[PDB]
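To keep things clear, I will list the structure first and then write my remarks on it.
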Amino acid sequence: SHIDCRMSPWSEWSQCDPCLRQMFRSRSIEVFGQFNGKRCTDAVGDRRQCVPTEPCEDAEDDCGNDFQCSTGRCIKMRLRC
Amino acid sequence: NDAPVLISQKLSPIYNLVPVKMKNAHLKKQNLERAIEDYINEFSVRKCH
């Protein structure tokens, strides 16, 4: 039996993420295909650039404790030289 | 060991590999998705005799 893949349930566009600058057109997987028919490896997910509307005031501070590293981590007490 | 070859291959669609925040990345993403769907469902043993 040449079972096809019913694998295109589309969803509605969600709100744009201002800080990440991405959209969330959604999808889902329903049918694989048990027999030698059409193989369907279509991955779930879709992205899109979007003009941000929020100021994106949320940000990660440099732990407010000690010397900041070049990547984002911090010295606790003795991570010096 | 000098020259190996593939045995098992885990698969992933190409339209997920397109770089984000490009000129028209999202529309090109869904466009290539429709293209690969039309490719995989266009010509095969299913359509032949």
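Every residue number used here counts from 1 along the chain in the order it is shown.
Method of determination (from the header): electron microscopy, 5.6 Å.
Using N, Cα and C of the backbone, Cβ positions are placed for all residues, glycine too.
Marked as disulfide bond by Swiss-Prot on the basis of experimental evidence: A:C5-A:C40, A:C16-A:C50, A:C19-A:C56, A:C63-A:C74. Marked as domain 'TSP type-1' by Swiss-Prot on the basis of sequence analysis: A:4-57. Residues annotated as C-linked glycosylation site in Swiss-Prot: A:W10, A:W13.
Under 8 angstroms separates the C-beta of A:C40 from a C-beta of chain B, among the disulfide-bonded residues A:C16, A:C40, A:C56, A:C63. DSSP gives A:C19 (disulfide bond) a coil state; it is part of no helix or strand. Between the disulfide-bonded residues A:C16, A:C56, A:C16 has the most other Cβ atoms inside 10 Å of its own Cβ, all protein chains included. Counting every protein chain shown, the Cβ of A:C5 (disulfide bond) has 19 other Cβ atoms within 10 Å. Here the candidates are the recorded positions A:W13, A:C63, A:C74. The one whose C-alpha lies nearest to that of A:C19 (disulfide bond) is A:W13. Sequence-distant neighbours of A:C50 (disulfide bond) (same chain, 6+ apart, CB under 8 A from its CB) are A:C16, A:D17, A:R21, A:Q22, A:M23. For the pair A:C5 (disulfide bond) and A:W13 (C-linked glycosylation site), the C-alpha distance works out to 23 angstrom.
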